[PDB]
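Asks:
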Amino acid sequence: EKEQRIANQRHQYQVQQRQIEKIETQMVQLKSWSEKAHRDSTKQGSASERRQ
RNA sequence: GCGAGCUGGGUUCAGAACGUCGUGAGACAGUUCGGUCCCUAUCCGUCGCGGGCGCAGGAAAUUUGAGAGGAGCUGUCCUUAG
Ligand SMILES: [K+]
Ligand SMILES: [Mg+2]
Ligand SMILES: [Mg+2]
Ligand SMILES: [Mg+2]
Ligand SMILES: [Mg+2]
Numbered sequence: 689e690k691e692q693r694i695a696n697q698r699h700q701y702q703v704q705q706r707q708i709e710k711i712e713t714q715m716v717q718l719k720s721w722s723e724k725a726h727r728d729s730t731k732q733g734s735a736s737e738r739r740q
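Count along the first sequence starting at 1, add 688, and that's the number in our numbering.
(1) Quick one, are the C-beta atoms of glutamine 732 and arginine 739 less than 8 angstroms apart?
(2) Can you look up residue 687 in the DSSP assignment and give me helix, strand or coil?
(3) Quick one: grab the DSSP three-state call for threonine 730.
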């Protein structure tokens with residue numbers, strides 16, 4: 689029975705860690721996008737259209 | 001420079017879709033098809049046209065020009081001369 693409890697406990701911990709890593713990957717991706725968005729906010733379109 | 005002068009193709013309303021992201025409503029680090037352009041000009045300004053008076057009498061013509069505007073471009077060939 690102790691073996692099974694350890695196995696169940698180990699499995700459940702891994703599931704949680706996968707969730708955490710998933711969300712951190714999301715955050716990293718969204719950050720990168722946000723920085724690029726702000727960086728490109730001023731550099732799009734032709735000269736005249738930038739001045740709009 | 002110029003939308004009370006015109007257009008409205010791009011983009012940034014509401015629809016819909018692709019890629020991608022999000023558990024999601026939705027979103028762009030990307031695209032795509034469709035999407036109401038209102039106003040009778042008072043004043044100055046600008047382009048034309050009149051009326052009034054003035055210009056030491058009242059008229060009909062012809063004029064000077066202070067001043068203002070307009071115009072202001074350029075090719076090729078022949079000759080000089082192979
Ligand atoms: K998804
Ligand atoms: Mg963008
Ligand atoms: Mg105007
Ligand atoms: Mg349009
Ligand atoms: Mg005024």
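Don't be surprised by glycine CBs; every beta carbon is placed ideally from N, CA and C.
Replies: The short version:
(1) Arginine 739 sits away from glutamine 732, with the two beta carbons spaced by 8 angstroms or more.
(2) With the chain covering only 689 through 740, there is no way to say anything about residue 687.
(3) Under the three-state reduction of DSSP, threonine 730 is assigned to coil, being neither helix nor strand.
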